[PDB]
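A.B. asks: Take a look at the following structure, please.
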Amino acid sequence: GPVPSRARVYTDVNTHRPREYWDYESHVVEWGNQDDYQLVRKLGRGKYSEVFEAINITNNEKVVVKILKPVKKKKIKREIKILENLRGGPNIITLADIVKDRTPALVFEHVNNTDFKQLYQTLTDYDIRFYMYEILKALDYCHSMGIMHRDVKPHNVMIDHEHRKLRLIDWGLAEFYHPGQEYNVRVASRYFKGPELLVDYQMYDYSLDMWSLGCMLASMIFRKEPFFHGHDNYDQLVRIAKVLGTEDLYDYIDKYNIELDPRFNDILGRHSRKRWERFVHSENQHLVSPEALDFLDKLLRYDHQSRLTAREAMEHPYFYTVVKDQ
Ligand SMILES: CC(=O)Nc1ccc2ccn(-c3cc(NC4CC4)n4ncc(C#N)c4n3)c2c1
């Protein structure tokens, strides 16, 4: 069987908490009053919800309402408990209310989000460093609180650019970290899935989020969205291997005694590790620095144990100007 793994940091944060902190199956949902909100317009669909802008008629606040499609009680309880545990944490979306009427609806703080397809193409070198640092504050916080996001991606990072305001949203896939637990690998968007998910290594941890973050950083500095563009989950690992190289991949598989799907055998092939420089062009060079590439290299690792922690990432030279300015 596969060799076990433990998070390097925040390993036992939940084991030290009272049971109720992480035992979300026992959680009793506190329902607010549905009549306090009126929907204004549809914002879009998720996997298991439709999202609206609304008004709290009680206080004239703009809010966001996520009306749940049918999902198991325990999955709703998990997201609620996590949002409550993290509330007040840096750049974590605030869950403001939970209502019903027999469908449950989560009510969030509204972020005046700048279009992800527009905003990203205006960002300067400084902006990317600044917003990356803001995401790292949210990830260090949630990790320190015993929670993996497991769905870090551009769509789940709301930025009100005028106010330099960022929030990490959509904690619907997040889970509590418990050492030894075998997690579901069927999480995250294709392009952002960590190698652990793609090879079916279940004993993963907070470090998953750091891979996803590295994918975001690469797509921003190189202006290549998505960065790792797979055709499916199998081809996704191939796309990663054509950049990181196959030697390190097979080293990771050996170290954890992972059983690789036989399918993969015929498709991974043999690939050198590429230098980052092949992704730099006249369009993106203003975003790309030695610091950026050093930081990126230390997030995008097969071996989850070798990736930077959120807290370590915050100390990287890439952020020195940002840290001084704050
Ligand atoms: C709520 C959730 O987890 N899922 C989700 C899924 C789809 C959409 C589509 C739009 N949203 C938004 C749009 C904006 N702001 C307005 C300017 C566009 N915000 N501001 C704050 C949240 C939250 N939470 C939000 N959500 C979604 C959220």
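Labels for the structure tokens follow display order: chains A, B, ..., residues from 1 in each chain, ligands from 1.
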Give the residues close to ligand 1, within 6 Å, counting only C-alpha atoms and all ligand atoms; write them as a ChimeraX atom specification.
C.D. replies: /A:43-46,51,64,66,108-113,169-170
A.B. asks: Using only C-alpha atoms, determine which residues lie at most 9 Å from residue A:251, disregarding the query and same-chain residues fewer than 5 positions distant; provide the list as a compact mmCIF listing (two decimals) with N, CA and C atoms, in the first residue's frame.
C.D. replies:
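Once written, result_4.txt looks like this:
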```txt
# COMPACT_ATOMS: atom_id res chain seq x y z
N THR A 246 9.37 14.40 -15.97
CA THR A 246 8.87 13.09 -15.54
C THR A 246 9.78 12.49 -14.46
N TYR A 256 6.22 7.59 -2.21
CA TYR A 256 4.95 7.30 -1.51
C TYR A 256 4.40 5.94 -1.86
N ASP A 303 5.88 16.74 -4.99
CA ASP A 303 5.91 16.33 -3.57
C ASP A 303 5.29 17.43 -2.73
```
A.B. asks: Report as an MDAnalysis selection string: the residues of stretch 130-287 of chain A with a DSSP assignment of strand (DSSP E or B), based on the backbone of this structure.
C.D. replies: chainID A and resid 147:148 157:160 165:168 175:176
A.B. asks: Counting only C-alpha atoms, figure out which residue out of A:273, A:78, A:316, A:8 gets nearest to residue A:290.
C.D. replies: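 Of A:273, A:78, A:316, A:8, the one nearest residue A:290, counting only C-alpha atoms, is A:316.
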A.B. asks: Which distance in Å separates atom CA of residue A:159 and atom CA of residue A:171, to one decimal?
C.D. replies: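 Answer for the atom CA of residue A:159 to atom CA of residue A:171 separation: 16.5 Å.
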A.B. asks: Can you pull out the residues contacting residue A:272? Cut-off 9 Å, using only C-alpha atoms, and skip same-chain residues under 4 positions away; I want them as a PyMOL selection string.
C.D. replies: chain A and resi 241-247
A.B. asks: Filtering to N, CA, C and O atoms, could you give me those residues as a CSV table (one decimal), in the first residue's frame?
C.D. replies:
```csv
chain,number,residue,atom,x,y,z
A,241,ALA,N,3.7,17.3,-16.4
A,241,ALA,CA,4.9,16.5,-16.6
A,241,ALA,C,5.8,17.1,-17.7
A,241,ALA,O,7.0,17.0,-17.6
A,242,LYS,N,5.1,17.7,-18.7
A,242,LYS,CA,5.9,18.3,-19.8
A,242,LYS,C,6.6,19.6,-19.3
A,242,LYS,O,7.5,20.1,-20.0
A,243,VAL,N,6.3,20.1,-18.1
A,243,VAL,CA,6.9,21.3,-17.6
A,243,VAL,C,7.8,20.9,-16.4
A,243,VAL,O,9.0,21.2,-16.5
A,244,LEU,N,7.3,20.2,-15.4
A,244,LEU,CA,8.1,19.9,-14.2
A,244,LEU,C,9.0,18.7,-14.5
A,244,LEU,O,10.0,18.5,-13.7
A,245,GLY,N,8.8,18.0,-15.6
A,245,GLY,CA,9.6,16.8,-16.0
A,245,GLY,C,9.1,15.5,-15.3
A,245,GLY,O,8.4,15.5,-14.3
A,246,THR,N,9.4,14.4,-16.0
A,246,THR,CA,8.9,13.1,-15.5
A,246,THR,C,9.8,12.5,-14.5
A,246,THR,O,9.3,11.7,-13.7
A,247,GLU,N,11.1,12.9,-14.4
A,247,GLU,CA,12.0,12.2,-13.4
A,247,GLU,C,11.5,12.5,-12.0
A,247,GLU,O,11.4,11.5,-11.2
```
A.B. asks: Here is a test: counting only C-alpha atoms, which residue of A:178, A:263, A:137, A:286 is nearest to residue A:309?
C.D. replies: A:137
A.B. asks: Find, counting only C-alpha atoms, the residue in A:9, A:106, A:310, A:93 that gets nearest to residue A:214.
C.D. replies: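 Smallest separation from residue A:214 among the options: A:310.
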A.B. asks: Got a sec: who's within 9 Å of stretch 94-103 of chain A, counting only C-alpha atoms, leaving out chain neighbours fewer than 5 positions off, as an NGL selection string?
C.D. replies: :A and (29-35 or 63 or 67-70 or 80 or 83-84 or 86-89 or 108-110 or 167 or 169)
A.B. asks: Residues of the last selection are to be written out with N, CA and C atoms, as a PDB file, in the first residue's frame.
C.D. replies:
```
ATOM      1  N   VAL A  29     -27.754  24.152  12.685  1.00  0.00           N
ATOM      2  CA  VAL A  29     -27.695  25.350  11.837  1.00  0.00           C
ATOM      3  C   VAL A  29     -28.541  26.403  12.537  1.00  0.00           C
ATOM      4  N   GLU A  30     -28.026  27.614  12.683  1.00  0.00           N
ATOM      5  CA  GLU A  30     -28.804  28.771  13.197  1.00  0.00           C
ATOM      6  C   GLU A  30     -29.488  29.466  12.014  1.00  0.00           C
ATOM      7  N   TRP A  31     -30.800  29.281  11.882  1.00  0.00           N
ATOM      8  CA  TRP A  31     -31.607  29.958  10.806  1.00  0.00           C
ATOM      9  C   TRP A  31     -32.050  31.374  11.146  1.00  0.00           C
ATOM     10  N   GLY A  32     -31.765  32.278  10.233  1.00  0.00           N
ATOM     11  CA  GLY A  32     -32.299  33.615  10.242  1.00  0.00           C
ATOM     12  C   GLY A  32     -33.657  33.673   9.591  1.00  0.00           C
ATOM     13  N   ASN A  33     -34.100  34.910   9.392  1.00  0.00           N
ATOM     14  CA  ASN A  33     -35.438  35.248   8.851  1.00  0.00           C
ATOM     15  C   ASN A  33     -35.302  35.542   7.367  1.00  0.00           C
ATOM     16  N   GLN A  34     -35.902  34.680   6.554  1.00  0.00           N
ATOM     17  CA  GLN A  34     -35.888  34.814   5.073  1.00  0.00           C
ATOM     18  C   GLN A  34     -36.449  36.138   4.580  1.00  0.00           C
ATOM     19  N   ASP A  35     -37.468  36.630   5.263  1.00  0.00           N
ATOM     20  CA  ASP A  35     -38.150  37.862   4.854  1.00  0.00           C
ATOM     21  C   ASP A  35     -37.261  39.067   5.033  1.00  0.00           C
ATOM     22  N   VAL A  63     -26.157  42.294  -0.295  1.00  0.00           N
ATOM     23  CA  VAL A  63     -25.603  41.004   0.121  1.00  0.00           C
ATOM     24  C   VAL A  63     -25.609  40.113  -1.094  1.00  0.00           C
ATOM     25  N   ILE A  67     -28.366  30.174  -3.111  1.00  0.00           N
ATOM     26  CA  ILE A  67     -29.511  29.280  -2.866  1.00  0.00           C
ATOM     27  C   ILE A  67     -29.015  27.894  -3.243  1.00  0.00           C
ATOM     28  N   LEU A  68     -29.018  26.955  -2.301  1.00  0.00           N
ATOM     29  CA  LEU A  68     -28.480  25.603  -2.546  1.00  0.00           C
ATOM     30  C   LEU A  68     -29.471  24.783  -3.381  1.00  0.00           C
ATOM     31  N   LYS A  69     -28.971  24.149  -4.444  1.00  0.00           N
ATOM     32  CA  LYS A  69     -29.589  22.952  -5.077  1.00  0.00           C
ATOM     33  C   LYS A  69     -29.465  21.804  -4.078  1.00  0.00           C
ATOM     34  N   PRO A  70     -30.147  20.652  -4.274  1.00  0.00           N
ATOM     35  CA  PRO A  70     -30.074  19.555  -3.306  1.00  0.00           C
ATOM     36  C   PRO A  70     -28.639  19.062  -3.044  1.00  0.00           C
ATOM     37  N   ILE A  80     -21.046  25.613   6.430  1.00  0.00           N
ATOM     38  CA  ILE A  80     -21.483  26.586   7.472  1.00  0.00           C
ATOM     39  C   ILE A  80     -20.476  26.619   8.622  1.00  0.00           C
ATOM     40  N   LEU A  83     -17.238  28.300   7.633  1.00  0.00           N
ATOM     41  CA  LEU A  83     -17.418  29.766   7.505  1.00  0.00           C
ATOM     42  C   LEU A  83     -17.523  30.410   8.876  1.00  0.00           C
ATOM     43  N   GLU A  84     -18.207  29.768   9.810  1.00  0.00           N
ATOM     44  CA  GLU A  84     -18.358  30.314  11.168  1.00  0.00           C
ATOM     45  C   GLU A  84     -17.015  30.288  11.895  1.00  0.00           C
ATOM     46  N   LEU A  86     -14.085  30.432  10.652  1.00  0.00           N
ATOM     47  CA  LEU A  86     -13.093  31.328  10.005  1.00  0.00           C
ATOM     48  C   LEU A  86     -13.524  32.785  10.032  1.00  0.00           C
ATOM     49  N   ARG A  87     -14.766  33.058  10.418  1.00  0.00           N
ATOM     50  CA  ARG A  87     -15.342  34.408  10.327  1.00  0.00           C
ATOM     51  C   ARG A  87     -14.435  35.402  11.059  1.00  0.00           C
ATOM     52  N   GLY A  88     -14.178  36.539  10.429  1.00  0.00           N
ATOM     53  CA  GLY A  88     -13.284  37.546  11.009  1.00  0.00           C
ATOM     54  C   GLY A  88     -11.846  37.357  10.640  1.00  0.00           C
ATOM     55  N   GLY A  89     -11.503  36.249  10.004  1.00  0.00           N
ATOM     56  CA  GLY A  89     -10.132  35.982   9.593  1.00  0.00           C
ATOM     57  C   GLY A  89      -9.776  36.834   8.390  1.00  0.00           C
ATOM     58  N   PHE A 108     -24.052  36.073   2.131  1.00  0.00           N
ATOM     59  CA  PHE A 108     -22.653  36.520   2.266  1.00  0.00           C
ATOM     60  C   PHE A 108     -22.589  38.039   2.153  1.00  0.00           C
ATOM     61  N   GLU A 109     -21.470  38.548   2.653  1.00  0.00           N
ATOM     62  CA  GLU A 109     -20.940  39.914   2.393  1.00  0.00           C
ATOM     63  C   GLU A 109     -20.764  40.084   0.876  1.00  0.00           C
ATOM     64  N   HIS A 110     -21.216  41.219   0.326  1.00  0.00           N
ATOM     65  CA  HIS A 110     -21.065  41.564  -1.106  1.00  0.00           C
ATOM     66  C   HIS A 110     -19.688  42.188  -1.322  1.00  0.00           C
ATOM     67  N   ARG A 167     -11.327  38.996  -1.202  1.00  0.00           N
ATOM     68  CA  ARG A 167     -11.929  37.973  -0.328  1.00  0.00           C
ATOM     69  C   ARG A 167     -11.842  36.619  -1.014  1.00  0.00           C
ATOM     70  N   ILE A 169     -13.553  33.142  -1.375  1.00  0.00           N
ATOM     71  CA  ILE A 169     -14.983  32.754  -1.314  1.00  0.00           C
ATOM     72  C   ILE A 169     -15.117  31.274  -1.653  1.00  0.00           C
TER      73      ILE A 169
END
```
A.B. asks: What's around residue A:122 at 12 Å? Count only C-alpha atoms, leave out sequence neighbours fewer than 2 positions away in its own chain, and write the answer as an MDAnalysis selection string.
C.D. replies: chainID A and resid 114:120 124:128 161 220:221 223 284 287
A.B. asks: Could I get the residues of stretch 82-162 of chain A with an atom no further than 9 Å from an atom of stretch 322-326 of chain A, each paired with its nearest atom pair and that distance in Å to one decimal, using only C-alpha atoms, sorted by chain and residue number, as a tab-separated table?
C.D. replies:
```
residue	atom	partner	partner_atom	distance
A:126	CA	A:322	CA	7.7
A:129	CA	A:322	CA	6.9
A:130	CA	A:322	CA	6.0
A:133	CA	A:322	CA	7.8
```
A.B. asks: Using backbone DSSP assignments, extract all alpha helix (DSSP H) residues from stretch 30-158 of chain A; output them as a VMD selection string.
C.D. replies: chain A and resid 73 to 86 116 to 119 125 to 144
A.B. asks: Of the candidates A:40, A:82, A:92, A:123, which shows the shortest atom-to-atom distance to residue A:20, using only C-alpha atoms?
C.D. replies: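 Closest candidate: A:82.
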A.B. asks: Which one is closest to residue A:177: A:152, A:142, A:55, A:237? Count only C-alpha atoms.
C.D. replies: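 Result for the nearest residue to residue A:177: A:142.
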